[PDB]
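Chemist:
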Amino acid sequence: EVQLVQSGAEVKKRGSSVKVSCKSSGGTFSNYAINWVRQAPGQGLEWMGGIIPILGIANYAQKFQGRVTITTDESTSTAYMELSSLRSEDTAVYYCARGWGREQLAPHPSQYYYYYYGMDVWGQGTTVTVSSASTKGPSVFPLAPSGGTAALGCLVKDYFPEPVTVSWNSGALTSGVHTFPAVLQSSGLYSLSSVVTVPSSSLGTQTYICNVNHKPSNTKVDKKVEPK
Amino acid sequence: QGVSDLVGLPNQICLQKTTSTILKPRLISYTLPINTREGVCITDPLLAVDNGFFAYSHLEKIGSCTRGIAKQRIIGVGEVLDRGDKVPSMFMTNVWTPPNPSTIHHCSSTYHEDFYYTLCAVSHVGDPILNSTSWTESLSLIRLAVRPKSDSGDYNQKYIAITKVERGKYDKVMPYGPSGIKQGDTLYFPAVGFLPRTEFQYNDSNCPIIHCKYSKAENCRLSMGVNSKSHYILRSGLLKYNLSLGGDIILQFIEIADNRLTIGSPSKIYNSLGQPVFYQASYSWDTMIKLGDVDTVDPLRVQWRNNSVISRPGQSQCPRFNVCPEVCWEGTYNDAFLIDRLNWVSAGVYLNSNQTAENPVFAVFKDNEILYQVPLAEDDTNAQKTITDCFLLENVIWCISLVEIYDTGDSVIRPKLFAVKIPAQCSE
Amino acid sequence: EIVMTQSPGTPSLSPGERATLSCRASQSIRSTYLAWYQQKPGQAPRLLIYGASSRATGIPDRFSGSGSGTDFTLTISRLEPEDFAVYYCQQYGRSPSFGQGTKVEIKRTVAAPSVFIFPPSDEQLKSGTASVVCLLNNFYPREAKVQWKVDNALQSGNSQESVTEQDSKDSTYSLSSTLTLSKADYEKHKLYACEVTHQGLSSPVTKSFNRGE
Ligand SMILES: *[C@@H]1O[C@H](CO[C@@H]2O[C@@H](C)[C@@H](O)[C@@H](O)[C@@H]2O)[C@@H](O[C@@H]2O[C@H](CO)[C@@H](O[C@@H]3O[C@H](CO)[C@@H](O)[C@H](O[C@H]4O[C@H](CO)[C@@H](O)[C@H](O)[C@@H]4O)[C@@H]3O)[C@H](O)[C@H]2NC(C)=O)[C@H](O[C@@H]2O[C@@H](C)[C@@H](O)[C@@H](O)[C@@H]2O)[C@H]1NC(C)=O
Ligand SMILES: *[C@@H]1O[C@H](CO)[C@@H](O[C@@H]2O[C@H](CO)[C@@H](O)[C@H](O)[C@H]2NC(C)=O)[C@H](O)[C@H]1NC(C)=O
Ligand SMILES: *[C@@H]1O[C@H](CO)[C@@H](O[C@@H]2O[C@H](CO)[C@@H](O)[C@H](O)[C@H]2NC(C)=O)[C@H](O)[C@H]1NC(C)=O
Ligand SMILES: *[C@@H]1O[C@H](CO)[C@@H](O[C@@H]2O[C@H](CO)[C@@H](O)[C@H](O)[C@H]2NC(C)=O)[C@H](O)[C@H]1NC(C)=O
Ligand SMILES: *[C@@H]1O[C@H](CO)[C@@H](O)[C@H](O)[C@H]1NC(C)=O
Numbered sequence: 001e002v003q004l005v006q007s008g009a010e011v012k013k014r015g016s017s018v019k020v021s022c023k024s025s026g027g028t029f030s031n032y033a034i035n036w037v038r039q040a041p042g043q044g045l046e047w048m049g050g051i052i053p054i055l056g057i058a059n060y061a062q063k064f065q066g067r068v069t070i071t072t073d074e075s076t077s078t079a080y081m082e083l084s085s086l087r088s089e090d091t092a093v094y095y096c097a098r099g100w101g102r103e104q105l106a107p108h109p110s111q112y113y114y115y116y117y118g119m120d121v122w123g124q125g126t127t128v129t130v131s132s133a134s135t136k137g138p139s140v141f142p143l144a145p146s147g148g149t150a151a152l153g154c155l156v157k158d159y160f161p162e163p164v165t166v167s168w169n170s171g172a173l174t175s176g177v178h179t180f181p182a183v184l185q186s187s188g189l190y191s192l193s194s195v196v197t198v199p200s201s202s203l204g205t206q207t208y209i210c211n212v213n214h215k216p217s218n219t220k221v222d223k224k225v226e227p228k
Numbered sequence: 229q230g231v232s233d234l235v236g237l238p239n240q241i242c243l244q245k246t247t248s249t250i251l252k253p254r255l256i257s258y259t260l261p262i263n264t265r266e267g268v269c270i271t272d273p274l275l276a277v278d279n280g281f282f283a284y285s286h287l288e289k290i291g292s293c294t295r296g297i298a299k300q301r302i303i304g305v306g307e308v309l310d311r312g313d314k315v316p317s318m319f320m321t322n323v324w325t326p327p328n329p330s331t332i333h334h335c336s337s338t339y340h341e342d343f344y345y346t347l348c349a350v351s352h353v354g355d356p357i358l359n360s361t362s363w364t365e366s367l368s369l370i371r372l373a374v375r376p377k378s379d380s381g382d383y384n385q386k387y388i389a390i391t392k393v394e395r396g397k398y399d400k401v402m403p404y405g406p407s408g409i410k411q412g413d414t415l416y417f418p419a420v421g422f423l424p425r426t427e428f429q430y431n432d433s434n435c436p437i438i439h440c441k442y443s444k445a446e447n448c449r450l451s452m453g454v455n456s457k458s459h460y461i462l463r464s465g466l467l468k469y470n471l472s473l474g475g476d477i478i479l480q481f482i483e484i485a486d487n488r489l490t491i492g493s494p495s496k497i498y499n500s501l502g503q504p505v506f507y508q509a510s511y512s513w514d515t516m517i518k519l520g521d522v523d524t525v526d527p528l529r530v531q532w533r534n535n536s537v538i539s540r541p542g543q544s545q546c547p548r549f550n551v552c553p554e555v556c557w558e559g560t561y562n563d564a565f566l567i568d569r570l571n572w573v574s575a576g577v578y579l580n581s582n583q584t585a586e587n588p589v590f591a592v593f594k595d596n597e598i599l600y601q602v603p604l605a606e607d608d609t610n611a612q613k614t615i616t617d618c619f620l621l622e623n624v625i626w627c628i629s630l631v632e633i634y635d636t637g638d639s640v641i642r643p644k645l646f647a648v649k650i651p652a653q654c655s656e
Numbered sequence: 657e658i659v660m661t662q663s664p665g666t667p668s669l670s671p672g673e674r675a676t677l678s679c680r681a682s683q684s685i686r687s688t689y690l691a692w693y694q695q696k697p698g699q700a701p702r703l704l705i706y707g708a709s710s711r712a713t714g715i716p717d718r719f720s721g722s723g724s725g726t727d728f729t730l731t732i733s734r735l736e737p738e739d740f741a742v743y744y745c746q747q748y749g750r751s752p753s754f755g756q757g758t759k760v761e762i763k764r765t766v767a768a769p770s771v772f773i774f775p776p777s778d779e780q781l782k783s784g785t786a787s788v789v790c791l792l793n794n795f796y797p798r799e800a801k802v803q804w805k806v807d808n809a810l811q812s813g814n815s816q817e818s819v820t821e822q823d824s825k826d827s828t829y830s831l832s833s834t835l836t837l838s839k840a841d842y843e844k845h846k847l848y849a850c851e852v853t854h855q856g857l858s859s860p861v862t863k864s865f866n867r868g869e
């Protein structure tokens with residue numbers, strides 16, 4: 001088996017460029033094609049372009065012609081995608097994927113065509129976030145409970161970049177927990193909620209602590225949530 | 229007997245249109261030296277067969293066919309013989325290999341008694357067609373014996389730089405086409421002349437824009453060059469080479485007449501049933517097949533057929549069956565071989581697609597109907613160039629066809645060779 | 657410059673049922689250049705069908721592809737639980753392009769939400785901004801509407817939403833809405849209400865608190 005291992009997550013400023021890499025790890029590129037496919041969050045897959053390393057040639061979707069360069073280092077069996085003049089629209093997971101690729105005789109005296117077939121070996125993807133905001137850990141605020149069943153929570157607000165992790169009672173509490181997808185607010189910061197459903201009488205006996213971890217700023221906040 | 233030029237009275241063929249598979253191709257690609265290896269393209273193929281002998285050429289590159297590194301050019305000759313299966317086949321006798329393969333372009337083979345003379349262009353600027361201004365006209369002739377001899381010096385293989393070219397008003401001339409003919413001791417190679425747009429004599433009124441609402445009268449003239457603002461236009465014709473003259477070596481260019489004039493394109497002059505026929509590729513808006521009896525050789529004037537069924541794939545601007553003057557340079561070379569002059573039945577391979585180079589179909593056809601045909605490959609098969617030459621085998625009309633195909637078995641673009649007997653009866 | 661459009665938007669089926677997804681091309685294409693992919697959340701896509709009918713290697717029999725020209729179809733003969741995912745069609749060749757995707761979802765009975773309102777924490781008001789949260793818990797189907805009222809004045813553009821994927825145990829959804837105020841504007845009002853509409857709710861349900869009690 002081959003494995004495509006992609007470069008790590010990126011946070012890039014508005015207007016800069018980025019160069020994701022993808023390494024073949026368990027077989028070379030020999031005569032296959034390497035495609036690049038991006039996916040904005042919540043949105044669908046979008047083919048950006050491809051390269052056939054055993055030939056010289058690389059081809060691009062019209063939408064990305066000019067902004068995207070795709071190259072290889074065939075010796076180290078690695079492919080690169082460079083996207084320049086980045087904007088918020090380019091915040092996405094960028095996948096690298098292998099398939100058949102093929103040069104084709106064209107109905108032309110000199111031209112040739114290049115066909116990229118289905119993609120069966122995929123990399124793990126690289127998240128790239130285009131924003132002007134700076135690294136920032138969150139603030140955690142209780143969502144006070146107020147029979148027969150009650151609900152309480154934690155609001156994890158104004159942090160950057162993704163991700164946040166949330167547990168309850170150090171992971172001992174898992175049933176009835178809903179941790180929601182983060183939302184992005186017009187400040188360029190993220191915010192999410194984590195809630196848990198408990199018995200209404202359970203509010204007397206037990207205690208509830210949410211444990212929020214934010215790695216980009218080495219932040220750890222435990223916050224207890226009281227019926228006020 | 230053995231294999232002879234198609235001449236005299238040959239064995240009868242079904243002359244009526246039938247949809248039932250009465251042609252069965254035989255693959256003979258193993259007889260030519262196409263040694264497959266992963267990641268090597270094999271292009272610029274050439275095939276000629278005259279009087280039981282044949283010439284073949286290819287250039288194999290490493291990687292792409294456009295930007296690949298030229299690995300090896302080969303020009304070879306041999307005999308076309310019976311396998312034992314009463315089926316004609318190629319057997320190499322003599323192969324030449326230049327020292328620099330990226331230097332030799334647009335070869336063209338003409339047979340005369342003991343040799344195949346192969347006229348080629350020499351260039352250090354790439355393809356002269358795409359680098360016309362930078363190309364210094366330089367021509368070579370590789371003469372190869374079809375029957376090599378033991379201790380003969382240069383009888384087996386003689387290279388000749390050409391130094392005297394008579395080219396009239398044209399700046400440069402070049403061989404342009406797979407094969408030519410002989411008349412007595414004179415050889416004629418299909419050729420192209422480069423003439424500056426400024427000195428091209430053409431009245432736009434002759435452009436037939438009449439039933440074409442979106443066609444401008446300027447389009448024909450603009451299409452006489454590989455783009456609208458090209459420095460040169462290209463004009464098909466012949467390079468004549470009179471062997472009787474002896475001494476050193478004079479090539480004279482003969483332009484094609486301007487009846488149904490289209491841009492200079494790879495062409496073929498061949499002999500059939502004792503007189504010459506001409507095929508010219510359709511590389512522009514005039515997409516129906518251009519072929520017919522040669523009326524005069526010098527000057528060169530072709531009696532083009534009014535053929536309404538055979539065409540070639542194009543791109544968006546001049547696709548298959550387009551008839552209106554447009555400004556375009558696109559199409560493929562798919563020649564045909566006349567096999568019956570009294571009924572004007574020809575045999576050839578066409579690409580059965582509109583804007584894609586695919587689906588090679590071997591077909592026997594008159595001017596206005598395809599009599600019978602058969603595929604040579606599956607229905608998504610990438611295929612571009614086809615060269616079809618026909619001959620007699622114990623008086624049975626056979627045709628050998630080279631087709632540049634993408635071979636899925638090796639994942640490689642390369643030529644393939646087919647033999648097809650033209651059947652006498654029309655049933656099963 | 658070929659566009660693929662996919663249908664239905666979001667079908668709801670049950671384990672053991674048969675799913676059939678459709679993909680329509682903006683122009684005719686040869687069958688050999690159509691592919692189908694699967695994607696589960698937080699994972700890369702994997703190829704299921706290629707050449708419009710050929711199963712990729714390692715792919716179960718229940719997946720099959722068909723169609724030609726402009727219209728192509730992917731059939732799961734009998735759904736397993738792990739089949740509930742997103743399915744993309746794609747045409748490939750000179751400039752490949754994807755469909756927009758079809759999510760196959762587990763069907764169950766309609767389930768009304770439970771609704772909870774959360775006033776802002778004092779600790780956040782100390783910092784000058786104020787969030788008010790609404791939780792719609794364990795409902796089905798996915799479509800629910802959250803109207804924010806302040807003294808019965810409905811607003812727009814100041815309240816964001818988020819939804820969980822289907823619960824693995826009960827196949828429901830949950831939604832969280834965050835209405836955001838300046839502390840200034842929060843001080844200026846008394847009754848704060850969440851109004852929820854959902855198919856399992858004939859009369860809209862409302863939960864409200866009066867500020868500071
Ligand atoms: C490959 O291209 C062929 C040629 O396309 C034409 O030429 C190119 C250069 C361009 O100008 C195109 O716009 C042209 O269509 C296609 O074949 C042609 O198809 C057309 C229309 O389908 C045929 O025409 C008809 O001619 C008949 C004459 O007997 C008439 O019956 C008919 O008239 C009626 O229709 C026109 C509108 O089309 C209206 O005025 C009235 O409705 C009128 O009553 C048409 O004029 C033409 O004969 C074809 N030429 C051929 C076969 O050489 C071909 O398309 C395929 O072939 C035809 C036969 C049908 O099967 C099509 O459905 C089919 O797609 C292209 N092939 C492919 C795969 O696209
Ligand atoms: C077309 O011909 C031009 C003219 O010579 C070529 O340009 C030369 O290329 C060589 C090799 O790259 C250089 O050493 C020369 O300096 C180039 N000359 C000039 C004036 O730039 C060119 O390479 C050819 N192009 C193609 C596509 O074949
Ligand atoms: C090829 O060359 C031969 C020899 O030069 C030509 O034969 C001569 O033709 C002229 C004019 O027709 C005669 O006056 C001479 O008597 C011929 N000489 C000989 C030795 O035969 C021949 O015509 C040339 N053919 C072509 C097609 O150019
Ligand atoms: C193809 O058709 C054209 C037009 O019908 C023919 O061209 C004419 O041929 C006559 C001789 O029969 C010439 O005198 C004319 O000058 C030609 N052009 C015209 C009339 O415009 C041509 O002969 C036909 N060719 C074949 C092989 O049938
Ligand atoms: C071009 O053709 C028209 C039509 O016959 C003619 O009147 C005109 O003189 C021609 N021009 C030239 C330069 O021959």
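Residue numbers (the working numbering), protein chains in the order written: chain V, 1 to 228; chain F, 229 to 656; chain E, 657 to 869. Note that CB positions come from ideal geometry on N, CA and C, so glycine has one too.
(1) Less than 9 Å between the C-beta atoms of E/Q756 and V/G44, yes or no?
(2) Do E/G725 and E/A767 count as a contact pair if the criterion is CB distance below 9 Å?
(3) Indicate whether at least one CB of chain V lies closer than 9 Å to the CB of F/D355.
(4) Measuring CA to CA, which of F/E307, F/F422 and F/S458 is closest to F/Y398?
(5) Can you tell me the Cβ-Cβ gap for V/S187 and E/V789, rounded? I've got them flagged as a contact below 8 Å.
(6) Are the C-beta of E/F754 and some C-beta of chain V separated by less than 9 Å?
(7) For V/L192 and chain E, any beta-carbon pair shorter than 9 Å?
(8) I want to verify the contact list: residues of chain F whose CB lies under 9 Å from the CB of residue 231 of chain V, in sequence order.
(9) How would you label F/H333, buried or exposed, when you count the other beta carbons within 10 angstroms and need 16 or more for buried?
(10) Here's a check: name, in chain order, each residue in its chain whose Cβ is nearer than 8 Å to the Cβ of F/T515, leaving out the five neighbours to either side.
(11) Quick one: complete beta strand (DSSP E) runs, 3+ long, within the stretch 458-535 of chain F?
(12) Give the residues of chain E in contact with residue 234 of chain V, contact being defined as C-beta atoms less than 9 Å apart.
(13) Could you tell me whether any Cβ in chain E is nearer than 9 Å to the Cβ of V/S139?
(14) Please report how far the alpha carbon of V/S200 lies from the alpha carbon of V/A150, in whole angstroms.
(15) Between F/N239 and E/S720, what straight-line distance do the alpha-carbon atoms span, to the nearest angstrom?
(16) Name the DSSP beta bridge partners of E/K805, please?
(17) For F/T391, which residues from the same chain have a beta carbon less than 8 Å from its beta carbon, with the 5 sequence-adjacent residues on both sides left out?
(18) Could you give the DSSP three-state label for F/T259: helix, strand or coil?
(19) On the premise that F/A419 lies in contact with F/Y404, defined as a C-beta separation below 8 Å, what is that separation, rounded to the nearest angstrom?
(20) Per DSSP, which residues does V/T127 bridge with? Please list them.
(21) For V/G49 versus V/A61, is the C-beta distance shorter than 9 Å?
(22) Hey, is F/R295's beta-carbon within less than 9 Å of any beta-carbon in chain V?
(23) List the residues of chain V whose Cβ lies closer than 9 Å to the Cβ of F/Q543, in chain order.
(24) Please specify which runs of the beta strand (DSSP E), each continuous and at least 3 residues long, are wholly inside the stretch 341-370 of chain F, giving them in chain order.
(25) Taking 8 Å as the cut-off, is the C-beta of F/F549 nearer than that to any heavy atom in ligand 1?
(26) Mind checking if V/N31 is an interface residue toward chain F, Cβ cutoff 9 Å exclusive?
(27) Is F/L579 close to chain V, meaning its C-beta is less than 9 Å from at least one C-beta of that chain?
Modeler: On the basis of the coordinates in this document:
(1) Reading the third sequence from its first residue, position 100 is the one you call residue 756 of chain E. Reading the first sequence from its first residue, position 44 is the one you call residue 44 of chain V. Yes, the pair counts as a contact, with Cβ atoms nearer than the cut-off.
(2) For the purposes of this step, residue 767 of chain E is taken as the residue at position 111 of the third sequence. For the purposes of this step, residue 725 of chain E is taken as the residue at position 69 of the third sequence. No, the pair does not count as a contact, with Cβ atoms beyond the cut-off.
(3) As a working note, residue 355 of chain F is residue 127 in the second sequence. Chain V, which has a Cβ nearer than 9 Å to the Cβ of F/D355, makes this yes.
(4) Taking the second sequence and counting its residues from 1, one reaches residue 398 of chain F at position 170. Of the listed residues, the one whose Cα sits closest to F/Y398 is F/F422.
(5) Counting from 1 along the first sequence, the entry for residue 187 of chain V is found at position 187. Counting from 1 along the third sequence, the entry for residue 789 of chain E is found at position 133. About 18 Å separates the two Cβ atoms, so there is no contact after all.
(6) The residue given as residue 754 of chain E occupies position 98 in the third sequence. With 9 Å as the cut-off, E/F754 counts as an interface residue toward chain V.
(7) In the first sequence, counting from the first residue as 1, residue 192 of chain V sits at position 192. With 9 Å as the cut-off, V/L192 counts as an interface residue toward chain E.
(8) Any property of residue 231 of chain V remains undetermined from this structure, which presents chain V solely from 1 to 228.
(9) By one-based count along the second sequence, residue 333 of chain F stands at place 105. It counts as buried.
(10) Position 287 of the second sequence, counting from 1, holds the residue named residue 515 of chain F. Result list for F/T515: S539, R540, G542, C546, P547, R548, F549, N550, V551 and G559, in chain order.
(11) 460-470, 478-483, 495-500, 503-508, 518-524 and 529-532
(12) In the structure as shown, chain V begins at 1 and stops at 228. Residue 234 of chain V is therefore absent and cannot be evaluated.
(13) Walking along the first sequence from the start, residue 139 of chain V turns up at place 139. Yes, contact with chain E.
(14) By 1-based counting over the first sequence, the position of residue 200 of chain V is 200. By 1-based counting over the first sequence, the position of residue 150 of chain V is 150. Looking at the two C-alpha atoms, the distance is approximately 5 Å.
(15) Translated into positions along the second sequence, residue 239 of chain F becomes position 11. Translated into positions along the third sequence, residue 720 of chain E becomes position 64. About 52 Å.
(16) Walking along the third sequence from the start, residue 805 of chain E turns up at place 149. BP columns for E/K805 point to E/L810 and E/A849.
(17) For the purposes of this step, residue 391 of chain F is identified with residue 163 of the second sequence, where counting begins at 1. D476 and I477, listed in sequence order.
(18) Sequence index remark: in the second sequence, residue 259 of chain F carries index 31 (1-based). Note: F/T259 maps to helix in three-state DSSP.
(19) In the second sequence, residue 404 of chain F corresponds to position 176, counting from 1. In the second sequence, residue 419 of chain F corresponds to position 191, counting from 1. Right, the Cβ-Cβ distance comes to about 5 Å (below 8 Å), so this counts as a contact.
(20) The residue labelled residue 127 of chain V in the question sits at position 127 within the first sequence. Looking at the DSSP assignment, V/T127 forms a beta bridge with V/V93.
(21) Within the first sequence, numbered from 1, the residue matching residue 49 of chain V stands at position 49. Within the first sequence, numbered from 1, the residue matching residue 61 of chain V stands at position 61. Going by C-beta atoms, V/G49 is nearer than 9 Å to V/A61.
(22) As a first step, residue 295 of chain F must be located in the second sequence, where it is residue number 67. Answer yes: the Cβ-Cβ gap between F/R295 and chain V drops below 9 Å somewhere.
(23) Within the second sequence, residue 543 of chain F is the residue found at index 315, counting from 1. Within 9 Å Cβ-Cβ: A106, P107, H108 and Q111.
(24) 343-350
(25) Numbered from 1 along the second sequence, position 321 holds the residue referred to as residue 549 of chain F. Yes, the Cβ of F/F549 comes within 8 Å of a heavy atom of ligand 1.
(26) The residue you call residue 31 of chain V lines up with position 31 of the first sequence. It does: the Cβ of V/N31 has a partner Cβ on chain F nearer than 9 Å.
(27) Residue 579 of chain F sits at position 351 when you count from the first residue of the second sequence. For F/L579, the answer is yes, since a Cβ of chain V falls inside 9 Å of its Cβ.
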